[PDB]
Amino acid sequence: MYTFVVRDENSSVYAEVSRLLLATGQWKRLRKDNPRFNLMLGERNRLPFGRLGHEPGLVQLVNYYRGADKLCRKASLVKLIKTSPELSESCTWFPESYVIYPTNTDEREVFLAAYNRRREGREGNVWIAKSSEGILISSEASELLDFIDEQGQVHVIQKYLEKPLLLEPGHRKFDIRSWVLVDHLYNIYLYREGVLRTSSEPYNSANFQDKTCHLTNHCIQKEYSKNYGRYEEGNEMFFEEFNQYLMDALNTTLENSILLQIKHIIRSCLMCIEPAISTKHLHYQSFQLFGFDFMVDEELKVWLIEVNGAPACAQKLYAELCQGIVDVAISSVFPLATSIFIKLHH
Amino acid sequence: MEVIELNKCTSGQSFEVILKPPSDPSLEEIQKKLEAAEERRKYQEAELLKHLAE
Amino acid sequence: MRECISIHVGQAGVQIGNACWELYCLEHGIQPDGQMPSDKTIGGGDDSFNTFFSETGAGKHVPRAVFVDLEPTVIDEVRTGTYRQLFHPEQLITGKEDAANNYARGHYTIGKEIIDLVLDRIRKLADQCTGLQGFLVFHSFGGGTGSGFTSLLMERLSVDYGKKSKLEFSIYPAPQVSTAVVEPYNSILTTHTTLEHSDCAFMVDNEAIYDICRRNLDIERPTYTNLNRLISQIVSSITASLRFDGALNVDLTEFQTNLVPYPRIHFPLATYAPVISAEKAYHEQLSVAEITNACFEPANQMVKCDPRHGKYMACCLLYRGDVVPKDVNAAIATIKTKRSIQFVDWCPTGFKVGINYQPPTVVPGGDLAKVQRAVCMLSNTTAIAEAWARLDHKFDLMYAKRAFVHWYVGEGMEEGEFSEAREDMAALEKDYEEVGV
Amino acid sequence: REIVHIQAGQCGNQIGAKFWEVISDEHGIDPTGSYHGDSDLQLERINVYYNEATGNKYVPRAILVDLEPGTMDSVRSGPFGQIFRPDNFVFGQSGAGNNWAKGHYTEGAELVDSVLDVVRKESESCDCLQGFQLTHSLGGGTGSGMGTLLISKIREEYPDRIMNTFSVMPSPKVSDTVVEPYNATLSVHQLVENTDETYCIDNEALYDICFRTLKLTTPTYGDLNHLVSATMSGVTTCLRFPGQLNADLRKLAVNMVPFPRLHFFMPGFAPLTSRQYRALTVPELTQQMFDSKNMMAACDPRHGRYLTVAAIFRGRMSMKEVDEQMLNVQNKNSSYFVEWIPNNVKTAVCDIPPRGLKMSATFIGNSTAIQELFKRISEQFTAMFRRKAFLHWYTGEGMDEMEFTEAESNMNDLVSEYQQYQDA
């Protein structure tokens, strides 16, 4: 009989995994501040890693990788890609990005040096401004740059994918979310079920000012969008239907046109930071569930937009993924008395 | 990757290698702390014996 | 030649002091009776080992040491031990009753009655020094004597020897090895009072030593003798440059200069490799590249923490054995490209390297096999703040209920001293955070 | 180092005599006081409980006290009766009639100064006396009334030595007289103020163990006292035997008592024996020890939480195995160990086993569950006091009933102070 502790009540993923552990009879949940735990479903912020692995007679396992934030926060990801030789200043699958600090090192001199050149070259020069809401798309550097002087958080602006793969019917954008499990042996497990977040609005290249045709986020579509849920339920398309659409329209498959690149991007990012976050010879053990966000352009080329460290699953998939977290991540360290994952290995 | 200030002797060697350039109370104060704690102990003992006297 | 005086306080300091001086005698070829045949000058010396050993007309080399414990028993075994003749009676100070795991009882109640006696015996050794650099102080964080009396002694040594360096070897508490329940209190108390009197403190987590003894020596329940013999090798590795001809860390001031840029942050992490069981019949001897790489494995650190999530202020590699400078730079060049070793911005990213050709001495009948080359890395990393966070948390849990506080107030301490001490630690953790992230 | 042992009253002297018979056998001392052992671990810390008289004779540092001569006359003619220093028998002739007031105020006052005479002589012959241990019951007159009177006099003269008692709690199941809740309520008042640590030995728990588990249908006081001397031997083992952990009374009190008034311990022993050959294992030895049926205060530990626990294992066994099992009992029922005292369970091992057992485990717990014991006594107290019943025995000795109200209030406060820590 194992003991675990919960420290983030909000996570729908790790609330469901706690129920499953309890539903085996062999796991009991302790109070928050009881330090005699086998497993910790710790908090998102300021998780006390310095206190793990010191309890005598206890193998301790936490559901987060210490140092994984370098991948999961925007500005850090941009600096991680540009400065890591294992990703090159330019990797073909990440948009040209520049991190720039507000009025209150900075690459705004470097961005305008590239932005101006593209303006002189007549090449389309739309860029997107983001931070870790408050999202701005524009075709002039000054419009975006003044926009971030109001904000107090360091911002990053990257090239906007002006030509996206547009699902028909609707002429509409999508983003692919993949769920990745890294266990304590640093095996990388891609969940065989992803999701497409569909915009319910036709894509317009004239006004990047109206939000709905450009932003596929569920909340940006549930509220601020006009015909949410018209083409698919809840503006969510799953892989089986996306595969059928690619076969029908583009005469290809999801595995070849997109999924090989997704597996390459996930592997590159996680192998890159492995020596910095691996718990291979550590006094405690870590696993973590990740959410990778991908974009597909008109040439069926995959771009990485963001990696999310505390991700939430789709309601239908919740049961299958939360169960897989137990078998792959938790019961591999604490046994009890086909696979839904694709293993990514070198 | 340079080696500086290398010294050699019979017992061994020492050197430096730079990979990248850079980018109290007095005696009486103590006697008083120690004596302040002593009276607090004495004051407690007296209250006990006063209670034991009752 | 400038002398160093060693001070061993409480059970842990005395017993570790036993382990060290046993090892120092083997490393310098000193018999248990005090005779050193290799020394060609009788009754006098300017040699490097004279920094730790005075000389007598009869040829006896006597440690420049003081052993003080409020309980008589642990020092009574130095008196009856194999090295009994080595030590002068006036060097071994005992009391009648111990401090009961109570910092306040050791600092105030019993500390007052014996502090002036310890200082007279220490001056009796300082008066035989032509030029003293300072003191090496060995103690536990958790014991009543080790915490309470040491911090009192540190205050009076700062008064009586103001121009002198003071170095600390401190045993950090760990529940695997027999601990009191109030050792967090004693640890925070003695740190707050000693922080401004110590110039460099080498901290040793009993959990780390215990775990190395089970993994590398495959002892399933180590004893103090196992722990101390291992701690003695690390200590010997750190103090070797004081007792041998060399050009790196030749006096106590240089430990401060090379390892402690900011004074409050004066707790270098020590990492030691290789540790191999003597029972290993067939054993393959590790190289410079291997043992220098093991110096960045957390399982070889004296304190369990993750240096990857910190910043280095200073790094010093102390090799012992068949090591050559060429192989150190090769091993360094490959490790830097394979490991997350981020220095602070205001410090040079580099390594002060010291090589001593004599491979580590090991005690006959010990658990440590003799190797051809070994290395101790002394690194000042902000990662050791994790050790303070652990300790402060245990302190906070007990203090929220004022648990066990009455024992300390009963010895004349004031409850406010708890909060002042805790507030100092909050400042210390902040200082690590400023430099660290 | 040195401990002075005092045994007061019939129960105090009967459990004390059994205690000395047991540990004299463990240390290899025959009834004449002559050592006859084969190991030398026995004699290394023998001075804690024995003075060495001339002729290689070991004499217990024990003082025997009673207001009635009969009980000590049986001791002197008992098995190890001649091993005690003849001058250390101090007794009157009147008895205390199971009356706390007689032991504390009238007959006991007439005799307390000569007991303290002997306590001084034994203390002066101490290299560095660490404290005193008192064996008594709380339900009679001599051991409870004159016993607690002895404690406060001893504290007045040695205010900085440790005061330790083995106190037998009365139970209607094993009752001599109806006034036992009165004598116990008055004694607990004294103990809660003048002792550093009290081992609560509930006669009800002893009776249930002798009947429910040991299967003895009609238990005698000898049956109960078999369990007490076994318990007493286990708790004192670390004091009187060489080990990796060499224990003393003060470090015990510093680590077991997070708050001054909460110093009432419930002990536990395994294997529970009746006056076998199948040796236990460290797993089953640990599970029995922590079970209620092995505990000497008739409380349910699951109804409270452990503030601190000290445990010792006797015999040849793996210390790695003792660690796993103790760490296993914690990690499996960590609900019953408080989170604001980190690492509050300590464990020791002594390879010298008790007589007749290959392996044994003894348990000292500061649990909030002990409040059930004082709740029981306060209820039996109130049932009579609300009608002033049997009080004339006490007012006849000069006590006013206001002193009864004060002693009842202080015990209810004690119960209440244990309650608050059961929740935090």
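A, B, C and D are the chain letters, set down in written order, and residue numbers restart from 1 in every chain.
Convention: contacts are C-beta pairs under 8 Å (C-beta built on N, C-alpha and C of every residue); 3 or more make two chains touch, one makes a residue touch a chain.
Student: Which chain's mean C-alpha position is the greatest distance from chain A's?
Tutor: Farthest from chain A by mean C-alpha position: D.
Student: Sort out for me whether C-D or B-D is joined by the greater number of C-beta contact pairs.
Tutor: Output for the comparison: C-D.
Student: Would you mind pulling out the distance in Å between where the CA atoms of chain C average out and where those of chain D do?
Tutor: It comes to 43 Å between the two C-alpha centres.
Student: Taking the mean of the CA coordinates per chain, how far is chain A from chain B in Å?
Tutor: The separation of the two C-alpha centroids amounts to 50 Å.
Student: Can you check how far apart chain B and chain C are, centre to centre, with Cα atoms defining each centre and the answer in Å?
Tutor: 13
Student: Of all residues in chain B, which are in touch with two or more distinct other chains?
Tutor: Within chain B, no residue touches at least two other chains.
Student: So which stretches of chain A touch two or more other chains?
Tutor: 56
Student: Hunt down the residues of chain C that sit against at least two other chains at once, touch-wise.
Tutor: Within chain C, residues 175 contact more than one other chain.
Student: Considering every pair of chains, which are in touch?
Tutor: In this structure, the chains touch in these pairs: A-C, A-D, B-C, B-D, C-D.
Student: Under the definition above, what is the set of chain C residues touching chain B in their complex?
Tutor: Chain C reaches chain B through residues 104, 108-109, 111-112, 152, 155-156, 158-159, 162, 196-197, 244-248, 319, 325, 328-329, 332-333, 336, 343, 345-358, 410-414.
Student: Sort out for me which residues of chain A touch chain D in the complex.
Tutor: Residues 1, 3, 30-31, 33-36, 56-58.
Student: Spell out the residues on chain C that touch chain A in their complex, using ranges where they run on.
Tutor: The touching residues are 174-176, 207, 297-299, 304-306, 308-309, 338-340, 385-387, 389-390, 393.
Student: Show me the residue ranges of chain C that touch chain D in the complex, using the header's touch definition.
Tutor: 73, 96-98, 100-102, 175, 178-182, 184, 220-221, 223-224, 394, 397-398, 400-404, 406-407
Student: Within their complex, state which residues of chain B touch chain D.
Tutor: Touch residues, chain B against chain D: 45, 48-49, 52.
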